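Both blocks below hold the same protein chain, though in two forms, and each is given as structure tokens: structure 1 and structure 2.
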Structure 1
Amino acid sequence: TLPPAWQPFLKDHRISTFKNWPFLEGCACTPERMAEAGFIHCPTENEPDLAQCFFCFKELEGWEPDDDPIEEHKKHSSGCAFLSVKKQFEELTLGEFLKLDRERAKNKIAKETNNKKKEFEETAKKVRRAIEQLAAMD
């Protein structure tokens, strides 16, 4: 057992998340390929094919059989450092692993910051709309 917070760096842990993934053999976006590209399966009732990059936390859905997970990851999150990792996990140096883990942590902060901004703006629009109606009154 490696420390639970470091498990997502292991491709086999990532593959294990795809318990009910619908795209299997014959498709480009098989669980092996999705896990290779850095994705974990995060299904919901609303979004059963929802997948998240463990490293940059980009969330993608609406997968089709011909979707190449690497190509999709590159298209939607071109700055994700995981995409530049050419080595296998075991070949990473400790220094490299630690640097990747700090970059992942910065990414998680960035994702939370982004979700907080989005939530606030949803509210600010509704508020702004209401006040716009009042201002429109004599």
Structure 2
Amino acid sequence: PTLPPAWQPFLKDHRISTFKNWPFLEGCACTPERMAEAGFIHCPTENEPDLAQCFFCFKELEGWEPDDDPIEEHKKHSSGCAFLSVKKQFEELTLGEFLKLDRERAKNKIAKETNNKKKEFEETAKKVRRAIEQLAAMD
């Protein structure tokens, strides 16, 4: 209401709130506060119940261990992510700055969708190619 849904993930408090059933709490370095401070949203599936995604660059990481530092993991796995460079707090950004960042996020989202479609297409290509080789082979 006060901020549009599509922009809520920019907010730490929103992000923390996504961690309804995170296994790692007090005593662990990767607590929800720390995951959220690093950009991660919680995306648990059947197969991967610890799945986390950067809201900004869309990198997905599973297999969290208690001693994992979310910032170092984000730096390691997705070094190019602009969000890691944002030193200012949200209220302190200028709208130009904020709009610039949301453009970059939109480009990141497209890049991710695109890279996905590519890999899915390449896999379909492999199937079809195989099927056609088999037929030439029988022949």
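For the two forms, the rigid core is made up of the largest set of C-alpha atoms that agree within 1.5 Å on superposition. Residues are numbered by position in structure 1's sequence, first residue being 1.
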Flag for residue 19, CA shift 2 Å or larger between the two structures after aligning core: no
Rigid core superposition, residue 116 Cα moves 2 angstroms or more between the two structures: no
Angstrom shift of the Cα atom of residue 131 between the two structures (superposition on rigid core): 4.7
